[PDB]
Every structure is written in structure tokens, then in C-alpha cells.
């Protein structure tokens, strides 16, 4: 199970900035991502605005709280009409299950429940930071595999991980399990706070289901040329 459209991370301070950026893409089919920055400024109105513009939407809020709060918060998000939403696998199985139940109960009859994925280890987290600061003694790749397996056992559709863990995840989980991979940059682009990086080309090779691309498109001199170059490499030209 793979997604053809690169998920564009709309990391802007306002709806206005977002809509200005999206202006040259008016006739293009889009898969966009609304994160904490844009959502905490505008609220549910921005999700509604982008849905009216027929964009496929990933609401990347990474819910990490107690089982009942995540369950109740997912009921609110399922009422919004998003296509993909997420939680942290570091919240445990009971929490990931409650999240799934929340999405199921909050989704009206006639429409499909939003796809739910779990964040394993953030693409900005190195093995050294994971061992010393988080106190996880296992290797990063093993922790990601374990977290992905916990997500599947909980009834989830997939995970957020880096491209370099995708092959190992598929040795433990089902082939239809989603691997949504951020930490994507072009060859001549800066890594920023990302530590486990890959090009759209390397992402296709290692078997990523979907790629989340932000700054490589948004902070480029020509975002239109950048999105075209990202998609060509992702499709195989």
C-alpha cells in the first residue's frame, strides 16, 4: 500500500501564509499536512478550509496523553473529517487502542474512519539521544520495530518512522502496514534538526508508503519546481 502524492508539511504561522503558498498549486491534486504550528494558531477552521479546497489531509497532532483523553480527543478529530491522524507509540497499547475506539465512535455513518498511525521514534532523535535522555537501552531500529509491532497489535494502520527503518519494520509487520516517512530532503538540501534523512528516491527504494516533505518545498526559491522535482524522484523518473 503506497501513496503517490508527497505529503506537503504546511508549517506556517497562519492560514494566510498557508493559502499564499498554496496559490500556485490551485489546479493540482494535493495531500497536505497540518501540524501543531498551524493548528494551534487557527484551530479546526484551517482543517475545514483545506477540506473545502478538496485537499487530502494529514492532521499531525501526535496525541500523547492518558487513554481516556486520547479517546475523547480522537472523537473530536473524527468529527472534523480528516484522512490521516496520529499518536505516539510511547503512550502504550491501551492508549493506541483507545485512540482507535475514539475515531470509530466519533465518525458519522456513511464516511470512513480516519486512518490512524503511530509515531515510533521522531526523525530528529538520534540513538545517542534515545539512550542517554530517554533511557531506552535497546537499539533505535529495534525500538522502532517493537513500537511498530505494538501499533499493529493495537489495531493501527501504520507508523511514522524514518526511511532507514522501513525495511526492518516490514520483517515484523504485514505488507499493507503504512510507513509514513518524514526527514525527507533533496541531495543539495540541509538536514536541519533531522538526523535520519533520505531523498525521495531513497524513500521509494527502501519501501516507504508515503513521504512527508516540508522545508525542501516550502523554503525553496521555487516551491513549484521543488514539488515537481520531489514527485519525479518519488514516482521513478
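Residue numbers count along the first chain shown, from 1.
**Student:** Given the B-factors recorded for C-alpha atoms, which segment has the greater mean, 72-80 or 113-121?
**Tutor:** Of 72-80 and 113-121, the stretch with the higher C-alpha B-factor average is 72-80.
**Student:** Is the mean CA B factor in the deposited entry higher across 205-213 or across 58-66?
**Tutor:** Going by the record's values, the stretch with the higher mean is 205-213.
**Student:** Going by the CA temperature factor in the entry, name the top one among 128, 154, 86, 148.
**Tutor:** That would be 128, according to the entry.
**Student:** Name the one of 45, 194, 41, 187 with the greatest CA B-factor according to the PDB entry.
**Tutor:** Of the options given, 187 has the highest CA B-factor in the PDB entry.
**Student:** Please place residue 35 in the lowest, middle or highest third of its chain according to the CA B-factor in the PDB entry.
**Tutor:** It belongs to the lowest third of the chain when residues are ordered by C-alpha B-factor.
**Student:** According to the PDB entry, is the CA B factor of residue 91 in the bottom, middle or top third of its chain, that is, lowest, middle or highest?
**Tutor:** Within its chain, residue 91 is a lowest-third residue by C-alpha B-factor, going by the deposited values.
**Student:** If you rank the chain by CA B-factor, which third does residue 180 end up in: lowest, middle or highest?
**Tutor:** As the PDB entry reports it, the C-alpha B-factor of residue 180 lands in the lowest third of its chain.
**Student:** Could you say whether, by C-alpha temperature factor, residue 158 belongs to the lowest, middle or highest third of its chain?
**Tutor:** According to the entry, residue 158 has a C-alpha B-factor in the chain's lowest third.
**Student:** Can you tell me which third, lowest, middle or highest, the CA B-factor of residue 144 falls into for its chain?
**Tutor:** Lowest third, going by the recorded CA B-factors of the chain.
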